[PDB]
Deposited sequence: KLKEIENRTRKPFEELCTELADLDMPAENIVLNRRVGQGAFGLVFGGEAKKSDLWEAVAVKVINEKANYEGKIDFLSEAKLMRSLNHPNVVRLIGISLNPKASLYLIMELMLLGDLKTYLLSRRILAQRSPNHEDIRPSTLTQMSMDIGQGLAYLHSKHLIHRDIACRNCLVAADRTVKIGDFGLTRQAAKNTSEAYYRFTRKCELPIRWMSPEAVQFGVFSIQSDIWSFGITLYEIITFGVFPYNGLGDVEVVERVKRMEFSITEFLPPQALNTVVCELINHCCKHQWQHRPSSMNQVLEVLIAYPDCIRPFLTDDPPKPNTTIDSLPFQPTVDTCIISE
């Protein structure tokens, strides 16, 4: 064998993180993740219990899949930040599958969050969940969490409202690192220098961050809604219609419209050199993130 040894040498380094299956119990079906279902329950860190969600993949798939499964956890262990989801352990060979244990975010992801609290914005626009005081702090938490990733020479390459989870504290954190690589497909969240060229940088992550901001101020619309995935690879290269054109007419004079337009510029020499240029903006204008909606909900 030549691919069945990679698994058993990898778990040697991740051996201090193994937990017996008698310390993990499954209660809920939290959601349908990318590769398998995620379950919700409680895990005991040999001392006390904590509410936890688990990513699970059965032991029937190829070893090629199990290596990527454990590589997500190995990368996740190198992180510690109040705006990044932190794992607490793994579990090797429990009965039918392999377990990935990561803390529970009570209020789910951000896209389903906004999609469910849409009419609440049209009827109660000053609510503790969805007011510019909270939306700006949320986008700010995502920003400094991505700045923490970039600080330690990491590129996420997949910034969207699907990979940002919110907890009962209503603080948001970075969620999915399935596509995260080292420092030097979601095409709608990718700058053109990363689409036709396959090169990723901090500026490509800033492009996806600006797309996330458009996704937030619209409460979850599908970027470039109405254009197929084949029409967008040709339209974004020749600088026609930045994402700002897809906004309601209530924008195009605001501070958030310009911001996502500077974060999403074809000339990456004009894009911010670091996430801290964007973060320092979110302090001079603390009510920039506003809900800009229509009377017709978005159609996925």
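The deposited chain is incompletely modelled, with C-alpha atoms absent over 1-6, 191-205, 322-341.
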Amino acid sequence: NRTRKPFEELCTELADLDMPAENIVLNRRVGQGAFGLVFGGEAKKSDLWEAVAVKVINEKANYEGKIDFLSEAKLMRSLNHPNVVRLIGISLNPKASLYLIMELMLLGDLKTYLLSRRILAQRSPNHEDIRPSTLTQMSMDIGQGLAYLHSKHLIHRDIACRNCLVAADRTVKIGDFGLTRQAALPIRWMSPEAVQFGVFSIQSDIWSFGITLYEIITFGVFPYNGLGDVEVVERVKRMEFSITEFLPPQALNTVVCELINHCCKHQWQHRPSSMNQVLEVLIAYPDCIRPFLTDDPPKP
From here on, numbers count along this sequence of modelled residues.
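Per-stretch averaging of Cα B factors for 14-22 and 281-289 places 14-22 on top.
Stretches compared: 114-122, 68-76. Higher mean C-alpha B-factor in the entry: 68-76.
Out of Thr254, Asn58, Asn27, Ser274, it is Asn58 whose C-alpha atom has the highest B-factor in the PDB entry. Among the modelled residues of its chain, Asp229 has a C-alpha B-factor that falls in the highest third, as given in the PDB entry. The entry lists a Cα temperature factor for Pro186 that places it in the middle third of the chain's modelled residues. Per-chain ranking of the deposited C-alpha B factor places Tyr148 in the lowest third. In this PDB entry, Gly210 carries a Cα temperature factor that places it within the lowest third of its chain's modelled residues. Residue-level temperature factors show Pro223 in the middle third of its chain, judged at the C-alpha atom.
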